[PDB]
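Each remark here refers to the structure printed beneath this line.
Neighbour counts are summed over all protein chains in view; Cβ atoms, including those assigned to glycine, are modelled from backbone coordinates with ideal geometry. Just so you know, all these numbers are worked out from the coordinates, no wet-lab data involved.
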Amino acid sequence: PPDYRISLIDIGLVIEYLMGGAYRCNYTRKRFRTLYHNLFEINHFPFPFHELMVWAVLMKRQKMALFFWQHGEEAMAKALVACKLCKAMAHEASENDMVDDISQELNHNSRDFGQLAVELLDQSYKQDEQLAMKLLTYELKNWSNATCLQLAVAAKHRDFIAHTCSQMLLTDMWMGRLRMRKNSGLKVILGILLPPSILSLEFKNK
Amino acid sequence: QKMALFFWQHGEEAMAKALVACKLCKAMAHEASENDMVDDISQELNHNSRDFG
Amino acid sequence: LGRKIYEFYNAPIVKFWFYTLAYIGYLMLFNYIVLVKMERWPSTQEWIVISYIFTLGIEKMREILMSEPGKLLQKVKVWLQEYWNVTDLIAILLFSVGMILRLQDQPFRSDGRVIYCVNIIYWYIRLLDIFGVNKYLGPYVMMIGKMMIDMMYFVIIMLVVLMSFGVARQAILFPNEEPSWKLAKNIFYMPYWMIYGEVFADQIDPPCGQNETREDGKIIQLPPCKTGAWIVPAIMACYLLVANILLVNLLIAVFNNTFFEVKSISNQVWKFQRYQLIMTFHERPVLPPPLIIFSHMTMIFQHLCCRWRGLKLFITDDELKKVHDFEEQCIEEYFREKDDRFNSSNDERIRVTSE
Amino acid sequence: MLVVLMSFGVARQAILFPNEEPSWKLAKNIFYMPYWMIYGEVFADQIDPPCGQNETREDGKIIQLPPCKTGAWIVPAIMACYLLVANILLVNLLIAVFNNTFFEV
Amino acid sequence: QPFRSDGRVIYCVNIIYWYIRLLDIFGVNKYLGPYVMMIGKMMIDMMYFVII
Amino acid sequence: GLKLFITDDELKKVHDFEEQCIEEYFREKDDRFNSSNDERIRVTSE
Ligand SMILES: CC(C)CCC[C@@H](C)[C@H]1CC[C@H]2[C@@H]3CC=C4C[C@@H](OC(=O)CCC(=O)O)CC[C@]4(C)[C@H]3CC[C@]12C
Ligand SMILES: CC(C)CCC[C@@H](C)[C@H]1CC[C@H]2[C@@H]3CC=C4C[C@@H](OC(=O)CCC(=O)O)CC[C@]4(C)[C@H]3CC[C@]12C
Ligand SMILES: CC(C)CCC[C@@H](C)[C@H]1CC[C@H]2[C@@H]3CC=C4C[C@@H](OC(=O)CCC(=O)O)CC[C@]4(C)[C@H]3CC[C@]12C
Ligand SMILES: CC(C)CCC[C@@H](C)[C@H]1CC[C@H]2[C@@H]3CC=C4C[C@@H](OC(=O)CCC(=O)O)CC[C@]4(C)[C@H]3CC[C@]12C
Ligand SMILES: CC(C)CCC[C@@H](C)[C@H]1CC[C@H]2[C@@H]3CC=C4C[C@@H](OC(=O)CCC(=O)O)CC[C@]4(C)[C@H]3CC[C@]12C
Ligand SMILES: CC(C)CCC[C@@H](C)[C@H]1CC[C@H]2[C@@H]3CC=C4C[C@@H](OC(=O)CCC(=O)O)CC[C@]4(C)[C@H]3CC[C@]12C
Ligand SMILES: CC(C)CCC[C@@H](C)[C@H]1CC[C@H]2[C@@H]3CC=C4C[C@@H](OC(=O)CCC(=O)O)CC[C@]4(C)[C@H]3CC[C@]12C
Ligand SMILES: CC(C)CCC[C@@H](C)[C@H]1CC[C@H]2[C@@H]3CC=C4C[C@@H](OC(=O)CCC(=O)O)CC[C@]4(C)[C@H]3CC[C@]12C
Ligand SMILES: CC(C)CCC[C@@H](C)[C@H]1CC[C@H]2[C@@H]3CC=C4C[C@@H](OC(=O)CCC(=O)O)CC[C@]4(C)[C@H]3CC[C@]12C
């Protein structure tokens, strides 16, 4: 078919395909589907720059994507979302093996957006520790109630999680509430074996 | 660090002071890696030890 | 003290070390049952091993039920992305097949023994997988996964050259055998071990057509040279040289440059897979596989008694506003720093001086 | 190597030998035969023996050899896999490792 | 006889050649073809090793 | 096979496209040479 009047539902499924995992977008949601079924400020997004840069990444308009990344909020989440969308489009273009320069520049766009997320994490790290922590761990009400670290590990961004902020977070989560931290492996086998040994093990106060 | 370089500028026995500060910085870097804190301060203590050496 | 032991047992590092100690104990239990007599009824050690396998299968079915996608066909797909998971399911099904063969009488009990041996094989690799927690061993496992493709290409080219020489040797020395399936074994048996040491010095260039001396001085009439069988030592020499020297040292060079590729990554992919290890060992219940039945019954009782009748930190609106304002300050600082670095570069200074 | 080698050792010791009591010689049999495979000799007499067949002796007498106790054609195949993977893969891996560490030193 | 056995020898060396020609045919792959090229490059170093 | 026959007018279009391409390439080469650092340093020194 000509497929004129492409619905926002259909490109929503394209984000379902491209993002992967369990990324439930707002378009795929039945709550938005009843509104879209109704109209064959109600039809006004609270965050226009999000879907504008989603449109820009989907149609390959790179400079518009950077400009929409400049404005609005949740720049980190937007950067990782655009990075995984660009990488997934590059993988689909290599799988369909079209003209190879567009697969090259989709991979280049994915590297650019991932690099932008990296420097942004570095600047947040140099600015404030706990604020960057809360930025890296808070819930993402506009993107499937995920978190930015989940979008990073979906995006396969090895350099983002190789940063010391995420490594510090994974180290904190690794020990959990226990904070003895002196020759950890030998002390934990002395903790499980001979179970009365954790009385000399110090813990985080609430 | 910059106060350390400035105090290294003045006074006598600059060589001895340089090697003493180098081993103090390297030992602090080893202790900070052994306690494995935020890794950038272990990196810049190693950098300070390399600078003084 | 009770909250202290709850905090200690709920940590992911303690849960991981508990899991790997239980896995090592299970593996040594497997070894002990596979090395000793298995009678008409299974022993206590075999009961521990089947209990481990069945509870591990129930745990995997539980993680299937408690996955993040809501569509049930999508859960098995997102679990089939991981290769370890599907090979774990394959081995659990193989153990079930071997148990149902072993619990019968002869001759199926020996077939259960074969299945038990190939299951050791798999669980020793899975122990190799479990070792990937180390910041040095994990990169080594990654590199082994990278070199498996070059191994497969070596397998193809060796296969061509080796069974070429095998067909020639099997058809020069042996012109007088009927069609039978032992011909393929003779093709693939003698030329394979030539690469790895022993060259079968007794079985090559035998003196034919000559009354060679026996032990007690009696010249026994040896069978004659059936064909011109001086060809097979020469093509033996050519095959051994070309195979060993050429392709082994080729794969040495291949492994060298692929190690050059993967050493520049090194710890970064380890830090990448650290998150996946974190999430798997935080989602997992506190008790290990042998005793995960206790956790399953207490979670069934909790979710059908008090309910049927991780890194995601929740953030209020004002703290979201503070986080957002911090974010805008950060991106604006970053762009000011980028512009200042670009204006402080040498080429920009040269260009503006020329203008 | 220890993991891969004694994996093959447990399999070979439990396929060919299903009829021995608990004794400490089982560990020596696990660690003895697979270790020397890396370094030359591959024990060509002790692998794939003709079982279940009246093989000829020295003085033309077909002696009744012991039968194949289990499906013991498995152990040459996993022998081939172990020898290939062990020797080729990990030796040349450590060759590359020694090359870049020599570049460091 | 005895020329039929000589035909058998010629048939065996012809297997040898047609297995290499199969190696040649494998060069269509974007990974195997470079490997065949490299083997052709290393044959000269093989010849120098053969001499020494 | 790959040898595609081409009429006179399409040959003229292909030729004109070719001259436009080589002239663009040489303009781009000259602009890159004048935008290099060493040329800027030399002309600043003069
Ligand atoms: C799951 C991992 C962490 C292993 C944990 C160790 C224990 C839970 C198990 C492992 C091996 C078991 C032993 C294996 C064999 C025997 C012999 C068994 O004795 C007999 O079978 C003969 C006498 C009889 O029939 O009672 C008595 C139990 C015992 C000591 C078992 C007791 C419980 C042990 C120590
Ligand atoms: C690192 C931690 C987790 C180690 C946990 C494992 C051990 C506690 C297990 C592994 C294998 C077990 C052994 C496997 C088999 C036996 C034989 C068993 O002897 C019998 O069953 C013979 C009894 C009879 O025939 O009368 C005695 C226990 C013992 C040594 C077991 C003792 C406990 C062992 C060492
Ligand atoms: C005793 C003998 C006969 C056993 C045979 C040994 C091989 C079958 C083993 C040895 C090392 C193993 C490899 C070690 C590391 C890895 C990485 C691991 O895979 C991944 O990390 C990627 C999986 C994913 O990304 O989903 C498991 C497969 C693989 C290639 C293993 C495949 C099986 C190998 C080649
Ligand atoms: C070219 C490369 C990539 C592959 C080479 C494959 C060969 C090694 C295979 C393919 C066809 C096979 C043959 C196909 C059929 C038979 C008949 C088969 O006969 C029986 O099993 C019993 C027959 C009877 O007694 O009636 C014995 C093996 C044999 C000769 C096979 C021997 C091995 C062959 C030559
Ligand atoms: C391309 C790479 C990655 C793998 C290549 C694997 C094949 C070359 C192997 C795997 C299965 C093997 C077969 C498995 C079983 C047999 C039966 C075997 O015959 C017998 O066991 C009965 C006759 C006898 O030998 O006494 C002869 C070899 C043969 C055909 C094997 C020939 C070689 C095969 C095809
Ligand atoms: C180090 C590099 C340069 C490789 C050089 C190797 C060849 C020069 C040698 C190695 C083994 C030799 C072969 C070893 C044994 C024989 C069998 C021999 O056969 C007989 O004498 C007939 C016996 C009979 O009739 O029973 C003929 C020479 C030949 C092919 C030899 C030819 C020369 C070969 C191929
Ligand atoms: C999983 C990897 C990392 C380690 C594998 C270790 C196994 C090779 C060990 C651990 C438990 C050992 C067994 C523990 C107990 C015994 C009983 C022991 O019996 C005796 O010494 C005499 C018993 C009697 O006659 O009563 C003989 C060795 C054996 C089977 C051991 C054989 C070697 C085993 C299987
Ligand atoms: C991790 C790396 C760095 C070192 C690993 C060392 C182990 C794999 C070795 C060291 C000590 C060895 C043990 C030393 C002594 C014996 C007794 C030996 O039995 C006997 O000597 C009596 C029975 C017989 O074999 O006749 C069987 C092997 C065993 C368990 C050995 C098994 C292999 C062990 C545990
Ligand atoms: C060079 C690369 C591609 C590796 C290829 C190696 C395999 C294709 C070969 C090497 C040794 C072969 C094995 C050597 C001996 C046997 C025993 C043989 O067993 C029998 O014939 C039964 C004997 C009996 O019943 O006593 C079955 C085939 C098998 C497993 C062979 C299967 C094919 C193997 C694994």
query: Mind checking which residues of the range C:68-91 are surrounded by 16 or more Cβ atoms within 10 Å (Cβ to Cβ) and either more than 19 Å from residue A:154 (Cβ to Cβ) or hydroxyl-bearing (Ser, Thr, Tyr) (or both)?
result: C:88, C:89, C:91
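Restricting to the range C:22-67, count the residues that are closer than 25 Å to residue D:23 by Cα and not β-branched (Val, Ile, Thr).
Residues of the range C:22-67 that are closer than 25 Å to residue D:23 by Cα, as a first pass: C:22-50.
Next cut, not β-branched (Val, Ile, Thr) only: C:22-23, C:25-32, C:35, C:37-43, C:45-47.
Matching residues across the range C:22-67 total 21.
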- request: Could you tell me which of the residues D:18, D:66 is within 7 Å of chain C (Cβ to nearest Cβ), more than 13 Å from ligand 3 (Cβ to nearest atom) and farther than 27 Å from residue C:151 by Cβ?
  value: D:18
message: So residue A:139 passes all but one of these: (1) under 12 Å from the mean Cα position of the chain (by Cα); (2) surrounded by 18 or more Cβ atoms within 10 Å (Cβ to Cβ). Which condition number does it fail?
response: (2)
- prompt: So which residues in the range C:69-103 are within 14 Å of ligand 3 (Cβ to nearest atom) and among the charged types (D, E, K, R), if there are any at all?
  reply: C:77, C:82, C:88
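Within the group C:198, C:212, which residue is more than 16 Å from ligand 6 (Cβ to nearest atom) and over 28 Å from the mean Cα position of the chain (by Cα)?
Details: C:212 fails: more than 16 Å from ligand 6 (Cβ to nearest atom).
Exactly one of C:198, C:212 is more than 16 Å from ligand 6 (Cβ to nearest atom) and over 28 Å from the mean Cα position of the chain (by Cα), namely C:198.
If you check C:311, C:287, C:250, C:320, which single one turns out to be at the interface with another protein chain (Cβ under 10 Å from one of its Cβ atoms), assigned to a loop (DSSP other than H, G, I, E, B) and surrounded by 12 or more Cβ atoms within 10 Å (Cβ to Cβ)? Give the derivation first.
Numbers: C:287 fails: at the interface with another protein chain (Cβ under 10 Å from one of its Cβ atoms); C:250 fails: assigned to a loop (DSSP other than H, G, I, E, B); C:320 fails: assigned to a loop (DSSP other than H, G, I, E, B).
Sole residue among the options that is at the interface with another protein chain (Cβ under 10 Å from one of its Cβ atoms), assigned to a loop (DSSP other than H, G, I, E, B) and surrounded by 12 or more Cβ atoms within 10 Å (Cβ to Cβ): C:311.
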query: Right, residue C:207: closer than 27 Å to residue D:43 by Cα, more than 16 Å from ligand 3 (Cβ to nearest atom) and exposed (fewer than 11 other Cβ atoms within 10 Å of the Cβ) or not?
result: yes
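Take the residues in the range C:203-216 that are within 14 Å of chain D (Cβ to nearest Cβ) and over 17 Å from residue C:231 (Cα atoms), then tell me which one is nearest to ligand 2 (Cβ to nearest atom).
So the first thing to find is which residues in the range C:203-216 are within 14 Å of chain D (Cβ to nearest Cβ), and the list is C:203-204, C:214-216.
If we keep only those that are over 17 Å from residue C:231 (Cα atoms) as well, we get C:214-216.
Working: C:214: 52, C:215: 49, C:216: 52 Å.
Per the stated criteria, the residue is C:215.
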- prompt: Say we look at the range C:141-191 and pick out the residues that are surrounded by fewer than 17 Cβ atoms within 10 Å (Cβ to Cβ) and part of a loop (DSSP other than H, G, I, E, B); which of these is nearest to the other protein chains (Cβ to nearest Cβ)?
  reply: C:175
message: Please go through (1) facing another protein chain (nearest Cβ under 8 Å); (2) under 12 Å from the mean Cα position of the chain (by Cα) for residue D:9 and return the number of the only condition it doesn't satisfy.
response: (1)
task: Would you confirm whether any residue within the range E:29-47 is under 18 Å from residue C:164 (Cα atoms) and exposed (fewer than 12 other Cβ atoms within 10 Å of the Cβ)?
output: no
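Which residues, counting only those in the range C:253-267, are more than 14 Å from chain D (Cβ to nearest Cβ) and over 21 Å from the mean Cα position of the chain (by Cα)? I'd like the intermediate steps shown before the answer.
At the first step, the residues of the range C:253-267 found to be more than 14 Å from chain D (Cβ to nearest Cβ) are C:267.
Matches in the range C:253-267: none.
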task: Scan the range C:131-140 and give yes if some residue there is among the charged types (D, E, K, R), surrounded by fewer than 17 Cβ atoms within 10 Å (Cβ to Cβ) and closer than 30 Å to residue C:92 by Cβ, otherwise no.
output: no
- prompt: Pairs, please: C-beta under 6 Å, at least 6 apart or cross-chain, first residue more than 12 Å from residue C:244 (Cα to Cα) and in the range C:156-168, second not in a helix (DSSP H, G or I)?
  reply: C:165/C:191; C:166/C:191
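When you check residue C:28 against the structure, is it at the interface with another protein chain (Cβ under 9 Å from one of its Cβ atoms) and either touching a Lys or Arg at 6+ places or on another chain (Cβ under 8 Å) or within 16 Å of ligand 1 (Cβ to nearest atom) (or both), yes or no? If you could, list the steps in order and put the result at the bottom.
On the way: at the interface with another protein chain (Cβ under 9 Å from one of its Cβ atoms): no; either touching a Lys or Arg at 6+ places or on another chain (Cβ under 8 Å) or within 16 Å of ligand 1 (Cβ to nearest atom) (or both): yes.
No; evaluated as a whole, the condition is false for this residue.
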- request: Look at the range D:33-60 and say how many of its residues are more than 30 Å from residue C:220 (Cβ to Cβ) and either within 16 Å of ligand 3 (Cβ to nearest atom) or of a type in the set (S, T, N, Q) (or both).
  value: 7
field: Filter result (over 30 Å from residue A:184 (Cα atoms) and either surrounded by 15 or more Cβ atoms within 10 Å (Cβ to Cβ) or of a type in the set (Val, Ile, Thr) (or both)) within the range B:5-51
entry: B:17, B:20, B:21, B:51
query: Filtering the range A:147-192 down to residues that are touching a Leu at 6+ places or on another chain (Cβ under 8 Å) and not in a helix (DSSP H, G or I), which residue is surrounded by the fewest Cβ atoms within 10 Å (Cβ to Cβ)?
result: A:180
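Can you tell me which residues in the range C:341-355 are more than 14 Å from chain F (Cβ to nearest Cβ) and assigned to a helix (DSSP H, G or I)? If you could, list the steps in order and put the result at the bottom.
Keep residues of the range C:341-355 that are more than 14 Å from chain F (Cβ to nearest Cβ), which gives C:341-344.
Within the range C:341-355, C:341, C:342, C:343 qualify.
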message: Against the definition (charged (D, E, K, R) and either under 18 Å from residue C:163 (Cα atoms) or in contact with a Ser or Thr (Cβ under 6 Å, 6 or more places away or on another chain) (or both)), how does residue E:6 come out, yes or no?
response: no
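Is it fair to say residue D:49 is over 30 Å from residue C:216 (Cα atoms) and either within 10 Å of another protein chain (Cβ to nearest Cβ) or in a loop (DSSP other than H, G, I, E, B) (or both)?
Details: over 30 Å from residue C:216 (Cα atoms): no; either within 10 Å of another protein chain (Cβ to nearest Cβ) or in a loop (DSSP other than H, G, I, E, B) (or both): yes.
Taking the combined requirement at face value, the residue does not satisfy it.
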task: Considering each of D:96, D:72, D:80 in turn, give the residue that is within 28 Å of residue C:192 (Cβ to Cβ), under 13 Å from the mean Cα position of the chain (by Cα), at the interface with another protein chain (Cβ under 7 Å from one of its Cβ atoms) and not in a strand (DSSP E or B).
output: D:80
